[PDB]
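Working through the structure, step by step
Residue-level listing of the chains:
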Amino acid sequence: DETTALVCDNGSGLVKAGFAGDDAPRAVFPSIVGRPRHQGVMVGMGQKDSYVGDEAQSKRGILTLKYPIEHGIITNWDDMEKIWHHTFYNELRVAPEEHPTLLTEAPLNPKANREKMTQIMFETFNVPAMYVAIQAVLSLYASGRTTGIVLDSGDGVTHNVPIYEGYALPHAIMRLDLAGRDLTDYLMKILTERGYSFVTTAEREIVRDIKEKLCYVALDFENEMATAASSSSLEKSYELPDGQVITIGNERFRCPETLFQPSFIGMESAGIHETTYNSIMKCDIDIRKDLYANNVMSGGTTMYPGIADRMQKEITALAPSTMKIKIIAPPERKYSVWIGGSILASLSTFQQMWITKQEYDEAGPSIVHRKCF
Amino acid sequence: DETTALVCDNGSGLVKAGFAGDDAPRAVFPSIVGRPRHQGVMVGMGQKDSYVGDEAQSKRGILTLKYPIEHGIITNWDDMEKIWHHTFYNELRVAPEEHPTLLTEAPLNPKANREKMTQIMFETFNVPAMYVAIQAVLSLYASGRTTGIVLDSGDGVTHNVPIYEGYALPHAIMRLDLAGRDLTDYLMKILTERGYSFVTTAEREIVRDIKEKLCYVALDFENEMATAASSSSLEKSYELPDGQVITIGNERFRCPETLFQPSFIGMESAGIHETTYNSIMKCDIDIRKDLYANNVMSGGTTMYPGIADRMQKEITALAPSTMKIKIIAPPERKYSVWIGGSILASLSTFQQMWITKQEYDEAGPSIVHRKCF
Amino acid sequence: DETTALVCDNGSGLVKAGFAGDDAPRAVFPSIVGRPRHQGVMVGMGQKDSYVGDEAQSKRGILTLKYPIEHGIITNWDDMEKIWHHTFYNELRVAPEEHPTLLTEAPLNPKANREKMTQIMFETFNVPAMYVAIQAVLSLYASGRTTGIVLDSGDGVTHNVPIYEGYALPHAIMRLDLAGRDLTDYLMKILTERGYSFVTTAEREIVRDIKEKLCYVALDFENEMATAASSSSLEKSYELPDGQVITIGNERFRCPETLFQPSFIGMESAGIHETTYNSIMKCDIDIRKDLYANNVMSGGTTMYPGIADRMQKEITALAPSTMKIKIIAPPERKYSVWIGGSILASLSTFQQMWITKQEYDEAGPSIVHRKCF
Amino acid sequence: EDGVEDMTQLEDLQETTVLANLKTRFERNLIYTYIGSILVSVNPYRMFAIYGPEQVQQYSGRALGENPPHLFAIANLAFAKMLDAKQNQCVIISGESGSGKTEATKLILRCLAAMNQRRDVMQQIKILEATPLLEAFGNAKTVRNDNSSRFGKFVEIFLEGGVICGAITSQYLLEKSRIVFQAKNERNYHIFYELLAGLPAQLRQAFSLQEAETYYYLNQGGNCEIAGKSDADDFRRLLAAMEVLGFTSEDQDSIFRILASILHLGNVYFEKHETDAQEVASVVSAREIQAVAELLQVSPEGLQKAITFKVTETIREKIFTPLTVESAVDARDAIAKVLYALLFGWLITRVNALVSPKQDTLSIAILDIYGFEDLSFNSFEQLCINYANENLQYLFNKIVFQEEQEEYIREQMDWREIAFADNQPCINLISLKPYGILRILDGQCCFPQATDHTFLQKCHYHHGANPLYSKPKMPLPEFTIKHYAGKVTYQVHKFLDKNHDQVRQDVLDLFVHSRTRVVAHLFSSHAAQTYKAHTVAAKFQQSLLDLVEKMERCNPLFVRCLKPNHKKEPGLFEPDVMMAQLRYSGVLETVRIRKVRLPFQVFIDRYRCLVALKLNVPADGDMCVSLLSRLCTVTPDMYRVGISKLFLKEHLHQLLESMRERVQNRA
Ligand SMILES: Nc1ncnc2c1ncn2[C@@H]1O[C@H](COP(=O)(O)OP(=O)(O)O)[C@@H](O)[C@H]1O
Ligand SMILES: Nc1ncnc2c1ncn2[C@@H]1O[C@H](COP(=O)(O)OP(=O)(O)O)[C@@H](O)[C@H]1O
Ligand SMILES: Nc1ncnc2c1ncn2[C@@H]1O[C@H](COP(=O)(O)OP(=O)(O)O)[C@@H](O)[C@H]1O
Ligand SMILES: [Mg+2]
Ligand SMILES: [Mg+2]
Ligand SMILES: [Mg+2]
């Protein structure tokens with residue numbers, strides 16, 4: 001019957017899991033593996049060497065939070081397996097022994113990552129069938145179209161994947177390693193100018209929450225630089241979880257400006273506004289007519305208020321005058337990858353494109369490089 | 001079978017002993033070793049070179065009372081062994097050759113103290129198994145919680161030990177050497193202003209009893225300083241054990257104010273009200289939410305009526321306004337250490353954490369620094 | 001003519017002052033502001049509410065020593081102005097109304113610190129011209145090179161500033177708040193294990209002097225931990241200024257080990273040995289060839305005997321085998337900052353880079369953020 | 001006659017063979033079938049013409065061995081062992097509710113009463129007429145049976161040369177948690193409803209006992225409509241029977257007052273009232289408290305102090321500690337628990353005292369112990385039942401292994417070095433002090449911040465990879481223990497609210513000041529006789545240990561009862577119920593230990609014409625099995641053969657078809 005194949009988006013930051021067919025993920029929580037660091041004294045309060053998921057977000061005052069995924073490459077496997085086991089059993093309460101699973105994975109990641117992922121999810125969990133897709137294609141599905149340049153920027157990557165009429169252009173894919181984590185680090189290093197210090201990993205979450213709540217993208221950077229030094233209207237305040245209240249001035253829009261001037265953090269590559277333009281002019285000539293009009297973007301880092309205006313202005317400045325530039329900014333960008341995955345997994349035609357256990361057994365982990373992509 | 005492990009709290013002042021499981025100590029008496037000083041004339045009334053325990057409290061008119069424990073460090077061992085022998089045999093009437101014993105001991109005392117204590121209680125008494133715990137953790141057990149900052153102040157120490165979810169924070173432990181003995185000495189030195197002199201050690205007990213019965217903590221110190229000089233309502237009288245009655249005025253609340261302004265007796269360190277605040281802000285950030293709400297205190301010196309209000313007011317003044325401050329003051333603070341010790345010793349899980357005689361024999365007194373803590 | 005611009009290094013601990021051109025500071029003394037605490041009785045012995053500098057080091061038995069600088073941020077200004085006034089008038093006997101001054105200041109300190117410093121030194125002292133530099137760059141000058149990673153660790157900060165061919169890398173600067181003050185506090189808290197207590201601020205100087213004279217860095221920590229418990233050759237004795245002699249065992253090298261295992265004092269960040277490695281691998285690829293070979297270090301806390309060997313061993317273990325690691329340890333590290341400042345202030349080319357009074361008058365304290373750096 | 005009545009007589013022992021033999025037997029009304037020294041029985045769900053008095057007389061002595069199995073045979077053999085050994089023994093009966101175990105005990109009692117000429121003495125019947133009170137105090141509604149005994153019954157009757165001396169009855173196990181908490185669609189003990197039904201109107205209005213629908217201790221199951229099934233008539237009959245015992249009317253009024261107070265204790269309401277720094281305790285109305293105090297004629301202020309404040313005291317000081325809402329509720333439940341338990345103890349003591357006890361002579365002991373229980377949702381009570389049944393099954397396994405060993409010895413002397421598992425790990429998983437489940441729960445009871453969920457983590461880590469411990473695959477608040485009857489799950493809910501007694505000294509001292517003699521004397525005796533009995537689990541373990549240290553020195557004999565149908569269906573036998581009863585009663589442990597003595601002569605001669613192997617074996621010994629080994633590579637494990645028997649025949653299972661196929665292939 002209907003196996004209701006799962007879709008478990010394992011991003012660099014949060015992890016989205018759920019069933020195919022639904023329009024919303026059933027599980028959202030940061031992918032953090034924490035271990036206690038202090039010396040336990042009370043008898044019976046120990047024997048917990050790993051707090052995984054959201055339960056490690058409230059007890060972070062005595063834990064060391066380690067991300068098993070950085071820049072999109074899985075650098076730690078023993079805890080990634082723990083995260084997957086949590087996400088399945090302790091969260092979805094469904095045994096993967098009788099449910100197909102669909103993964104999400106970055107465009108230009110190393111092949112060993114996908115091979116080890118396939119090995120883990122067929123040997124340990126014994127999943128009957130598994131498939132690996134590209135996040136940009138699923139995001140494009142989520143936008144209800146079949147032609148456009150997808151700019152997805154999560155917490156580890158920022159990749160442009162232009163698609164025309166369902167045909168990909170592998171020679172025009174550009175991936176950038178500037179994402180939300182670098183923005184959080186830059187905000188942490190720039191908050192020290194006003195006197196606020198956040199040294200341990202527990203305060204990284206406070207910095208990230210500050211970035212999520214108060215940060216925004218300026219329209220004209222120099223104009224607001226001039227305005228901030230002459231007024232206090234841009235200043236806003238946030239409360240730490242101890243009672244003291246901090247005030248943040250021109251650091252609200254100087255944090256996300258790194259996405260447009262990556263020279264702030266030492267990166268030489270230009271911002272995403274010019275990266276998209278250079279990716280568009282790596283394609284053919286009769287295609288830019290649609291690419292300039294279907295600039296679909298997704299990812300968490302693209303909901304900073306004002307990004308869809310500055311990006312459009314920059315691209316219009318770069319693009320020829322006669323052409324029209326349009327920016328597609330759905331209000332659910334951060335869940336667009338999961339929405340596209342659910343739409344794909346619900347298609348009856350796709351049922352033939354699975355990698356069943358027999359093919360993996362007769363071929364090995366190398367089958368991913370031929371079947372999945 | 002059930003060995004009914006003993007718990008013998010050897011504090012700086014009184015000593016509490018009893019069996020595990022019960023909710024009250026079976027033996028309370030001051031830890032005082034007294035020796036006769038006068039010249040005996042009657043034949044047959046001598047041959048008693050050491051009165052130990054409560055029997056040395058009634059015959060103190062001809063004895064010299066010496067405390068074997070000062071500031072929490074055991075400075076005299078030949079009489080401490082006598083006190084322990086009394087507490088076991090002459091008081092509990094149980095042979096320690098077949099009963100485990102659980103000791104209480106200060107956080108930051110010298111290691112040689114614990115090593116010599118272990119040597120004494122394994123070689124002389126031949127106790128099958130012994131363990132040493134920290135008084136603050138047992139007090140926290142006695143309060144029915146697993147998260148809070150414990151302020152225990154007996155007769156020799158005043159230490160803050162913050163505990164969160166059963167995990168200790170050794171970098172935030174602050175110990176202060178201002179306790180009940182210094183309060184008694186300051187009261188003795190301040191009673192001479194009105195003309196009352198207490199020179200010998202026998203009158204130290206009278207001063208201590210006066211402090212126990214009549215002393216109290218003012219809410220606003222300056223307000224009562226102004227009130228005392230303009231009225232006689234605060235004056236109360238006490239009767240010495242000879243018939244003459246003394247009257248005490250503003251010395252009732254000027255004695256325990258040393259705990260909040262230790263500059264009175266020459267100490268430079270601030271009072272406990274600010275020591276707790278500085279210990280709380282030596283921890284992490286997401287923990288103060290619970291520490292400001294679980295300020296558990298214990299010890300004998302914390303039943304002066306009005307301490308739980310002045311301490312709360314001072315901490316609220318120091319703490320940010322948005323946060324809530326709560327003070328936990330159980331009516332049995334001075335026995336909280338013994339209650340926690342009895343609760344711990346009654347746990348079947350703790351039975352594995354004992355130091356049996358074989359381990360000490362194969363390791364020596366140094367095993368305390370690895371097993372007990 | 002030659003104005004002989006002054007160089008007044010205002011560190012967290014000692015303060016170095018002198019004239020440009022010379023190879024040694026003309027004034028070294030702790031930056032301590034002390035106030036009497038006891039009640040004066042003799043007529044004519046009072047009227048001295050502030051002892052500033054070295055004169056407050058001998059009379060510390062009746063004073064309360066307060067550091068106006070902690071962690072490198074000036075938290076007290078009314079006494080910092082007193083310290084500067086002392087350093088100029090009572091020490092150098094030169095009026096700053098006709099002498100330029102060059103300050104030293106930490107890399108990642110708050111901007112308000114520099115702004116207030118500039119305001120103080122232009123309004124009160126009326127200095128004709130002032131400049132603010134970074135201690136790491138001056139230390140690199142003092143080493144006679146233009147390429148290397150500078151590890152300066154005074155009493156309040158521990159910062160790595162990699163410099164290549166005179167070009168700074170702001171994205172690779174890492175600052176750590178573990179310095180000599182925390183080492184002194186840890187030694188004070190660890191000396192209580194043997195029975196020695198140092199509670200008031202006057203004994204902090206004794207602890208600091210003990211650390212300066214007897215402490216050293218072990219090569220292999222576990223090997224000496226094993227050796228100390230099996231022999232007494234490592235034990236050495238020091239004499240307090242009252243006649244009693246203390247003996248210190250394995251606390252000589254367990255104190256500076258915090259710089260390599262900062263988990264001892266509750267800090268989560270790794271030691272400087274790994275911090276330097278992580279700062280080096282935040283730069284480009286063709287630069288590590290020189291950075292691994294020019295590991296210049298300075299600061300007071302780096303003369304513990306054996307640091308230049310353990311640091312080299314740790315970095316060699318972290319670094320790839322084919323590469324060569326070299327440690328530069330000049331015998332005058334603690335004065336390297338002043339030497340570099342004097343070298344800079346003596347350059348005729350730098351004379352154009354001053355901040356004259358006219359520019360500050362027409363711009364205000366904000367000119368520091370554009371001219372000085 | 002074509003069937004077999006003794007399991008020992010059967011050669012190959014299989015569960016299918018056992019069920020088929022029982023199904024063949026039950027038509028001929030062979031309820032009793034021998035398995036050696038152990039006898040089982042089934043419930044016909046009807047009445048039978050009673051074993052007449054002749055079965056008592058001429059079937060006694062050695063004649064029981066040659067007689068068909070019957071209930072009187074075990075009693076006759078027990079009396080024979082009494083005469084032969086001059087030592088006390090026991091007879092233990094098991095089974096589920098509705099299996100006739102109570103009726104079987106009554107029948108065996110009247111049999112042992114009628115075996116002598118002293119039947120003209122009334123004391124032999126006075127013990128039986130004081131019986132209905134016990135199952136009236138012991139039966140509560142259960143999902144499997146509306147009349148289920150939830151207590152352990154022990155009766156010890158002295159018999160000196162056939163003369164029945166005084167009888168001493170005692171109780172060991174009692175579900176004290178059922179007094180305050182009941183499962184869904186379940187009732188409390190029937191006496192609480194009988195007091196409602198049969199009490200006079202004047203006493204009802206004087207005690208205000210019309211609030212059964214309001215009483216928290218009776219409406220937990222939400223099923224009080226079954227209380228109308230002749231419970232008033234049962235109440236009248238019980239009062240008549242206990243008045244036959246001579247129990248004074250004033251003492252009956254005292255008993256009614258105590259029961260009314262116990263019921264009213266459930267009407268005490270506790271609420272979160274901020275007293276000084278935290279919400280501690282409050283009472284909506286003291287009218288219920290005053291009524292409770294007046295029922296026992298005790299000071300209301302003292303009772304309020306005891307229920308709302310925890311008092312600690314020593315030689316010098318006495319300090320009152322305020323109690324939280326949960327702790328206050330737990331104490332209010334525990335006081336009622338101990339009150340009911342001590343009432344039952346006093347009443348059984350009175351029953352034992354009314355009949356005059358004689359000196360220490362020969363005696364036979366009977367235990368009425370309920371068997372294995374397995375509901376849909378197993379709680380702490382079910383865990384206690386399973387632990388007790390595990391101990392009983394350990395004793396059964398010991399006796400069965402001893403009987404099998406003596407059988408082997410009678411067969412061959414080389415079986416002395418043969419031993420099997422003795423169910424020790426199953427008991428040790430719960431009873432061992434350092435890491436037992438009950439011990440872990442007892443330790444967690446006093447822990448500061450202890451919830452039901454933390455107990456799961458403690459059990460999961462402490463036990464972990466234990467073979468008998470079955471961690472649930474999914475994160476559910478439960479676990480599973482593999483007993484001898486198979487894996488049984490246990491849903492962890494309100495264990496911490498059930499496993500707590502903590503009766504304080506002030507509560508005990510308050511009640512001995514009451515002006516009622518009964519409760520004051522009973523509590524004084526309880527204080528005088530009383531170790532570590534802090535919680536319910538400790539008391540249950542202590543009672544079980546007392547029972548085993550009473551039993552072990554007797555080498556008793558057991559009898560098993562079964563329910564052929566789930567409900568009252570006479571003469572209906574189905575395989576699934578047979579398997580369930582066999583698993584619950586632990587009968588299959590016998591065949592588990594046994595894995596037998598088939599002589600090969602029958603096998604050789606049966607195929608005389610087909611295989612045509614020589615049927616002329618002059619000496620039937622080792623040569624046949626040696627030839628089989630040489631032709632089929634039979635392992636040395638098939639050795640230690642006796643005269644012509646003691647063949648486990650493991651390789652024969654695969655050898656039979658191997659030798660069969662080649663003969664059939666000829667055609
Ligand atoms: N309102 C917001 N403003 C700015 N950044 C945001 C906002 N919401 C989320 N983010 C960023 O988005 C990131 C989460 O992206 P995520 O959905 O994990 O992408 P992926 O699934 O591809 O890893 C977070 O690190 C956070 O910094
Ligand atoms: N009512 C009271 N008011 C003030 N101080 C008290 C009171 N009761 C006891 N104390 C003080 O408490 C001290 C006893 O503390 P103790 O229980 O011995 O602590 P520890 O066991 O840690 O040594 C005595 O020295 C006495 O001065
Ligand atoms: N021989 C030594 N061994 C260990 N530490 C030392 C030694 N000499 C000086 N120090 C430390 O160096 C510190 C002084 O550093 P300082 O020159 O003030 O740095 P900065 O000028 O950057 O503040 C003192 O706190 C002292 O603890
Ligand atoms: Mg993505
Ligand atoms: Mg204490
Ligand atoms: Mg420096």
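Residues numbered from 1 in each chain as written, not as in the entry; some residues may be left out. Chains lettered and ligands numbered in written order. Heavy atoms only, no water.

As stated in the entry header, the method of structure determination is cryo-EM and the reported resolution is 3.76 Å.

The subject of this paragraph is the coordination of the magnesium ion (ligand 4). Around the magnesium ion (ligand 4), the protein supplies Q135(A) (OE1) and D152(A) (OD) as donor atoms, at distances of 2.3 to 2.4 Å. Taken together, the positions of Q135(A) in helix α4 (residues 135–142) and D152(A) in strand β12 (residues 148–153) put the pair 17 residues apart, joining distant regions of the chain. (Donors = N, O, S within 2.8 Å, 3.2 Å for Na, K, Ca; no water. Helix = DSSP H or I, 4+ residues; strand = E, 2+ residues; numbered from the N terminus.)

The next thing to look at is the interface of chain A and chain B. Accessible area lost upon the coming together of the parts is a frequently used measure of interface size. Facing the 25 residues of chain A at the interface are 26 residues of chain B. With both sides pooled, the region where chain A packs onto chain B buries about 2,300 Å², and carbon together with sulfur makes up 64% of that total. Its largest share of buried area at the contact with chain B, chain A owes to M42(A), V43(A) and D242(A), together 27% of the area lost on that side. Remark: the boundary between chain A and chain B carries 2 salt bridges. A salt bridge links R37(A) to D284(B); the shortest N-O distance between them is 2.8 Å. Seen at the junction of chain A and chain B, the total is 7 residue pairs in polar contact. Mapped by element, the contributors of at least two residues to the side of chain A that touches chain B are β5 (39–40) and α6 (201–214) of chain A. Looking at the side of chain A that touches chain B element by element, the count peaks at 3 residues for α6(A). (Contact = heavy atoms within 4.5 Å. Buried area = accessible area lost by both parts, 1.4 Å probe. Salt bridge = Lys/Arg side-chain N within 4 Å of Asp/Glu carboxyl O. Polar contact = N/O pair within 3.5 Å; in protein donor to acceptor, adjacent residues only side chain to side chain.)

Either a parallel or an antiparallel arrangement is found when strands of a sheet pair, and the pairing is made through backbone hydrogen bonds. All names here are of chain B. Judged by pairing direction, the sheet is mixed, and its 6 strands sit side by side in the order β3-β2-β1-β9-β10-β19 without closing on themselves. Looking at which strands have only one partner, the edges of the open sheet turn out to be β3 (27–30) and β19 (355–356). Sheet strands in contact with helix α2 (residues 78–92) are β1 (6–10), β2 (14–19), β3 and β9 (101–105), and its direction is about 140° off that of β1. Helix α3 (residues 111–123) contacts β1, β9, β10 (129–134) and β19 of the sheet and is inclined by roughly 150° relative to β10. (Pairing = 2+ DSSP bridges. Axes fitted to C-alpha atoms, helices over the stretch in contact; angles between N-to-C directions.)

Residues and elements named next belong to chain A. Among the 14 residues in the neighbourhood of ligand 1, the closest are listed as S12, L14, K16, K211 and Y304. Contact between ligand 1 and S12: an oxygen atom at 2.8 Å from a main-chain N or O atom of the residue. Separating an oxygen atom of ligand 1 from a side-chain N or O atom of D155 is a distance of 3.4 Å. In the complex, the protein chains occlude 90% of the 580 Å² of accessible area that ligand 1 would expose alone. Broken down by secondary-structure element, the contributors of at least two residues to the shell around ligand 1 are β2 (14–19) and α6. Here the residues of the shell around ligand 1 are counted per class, giving 2 nonpolar, 7 polar and 5 charged. Residue contributions to the shell around ligand 1 reach at least three from each of two domains, namely domain 1 (4–32 + 69–132 + 335–371) and domain 3 (134–179 + 269–330). (Near = heavy atom within 4 Å. Areas by Shrake-Rupley, 256 points an atom, 1.4 Å probe, with all protein chains shown as cover. Nonpolar A, V, L, I, M, F, W, Y, C, P; charged D, E, K, R; others polar. Domains from an automatic or database assignment.)

A word on the UniProt feature "coiled-coil region" in chain D. Here the UniProt-annotated "coiled-coil region" positions come out as residues 103–130 of chain D. End C-alpha atoms of residues 103–130 of chain D are separated by 15 Å, and the span's content is 68% helix alongside 0% strand. (UniProt positions renumbered as here; feature names shortened; annotations may be inferred.)

Time to look at the site of ligand 3. Residue and element names in this part refer to chain C. Taken together, 14 residues form the shell around ligand 3, and within it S12, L14, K16, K211 and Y304 come nearest. Here an oxygen atom of ligand 3 and a backbone polar atom of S12 are 2.8 Å apart. Note that an oxygen atom of ligand 3 is positioned 2.5 Å from one of the side-chain N or O atoms of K211. Taken by itself ligand 3 offers 580 Å² of open surface, and the protein chains cover 90% of this. Contributions of two or more residues to the shell around ligand 3 are made by β2 (14–19) and α6 (201–214).

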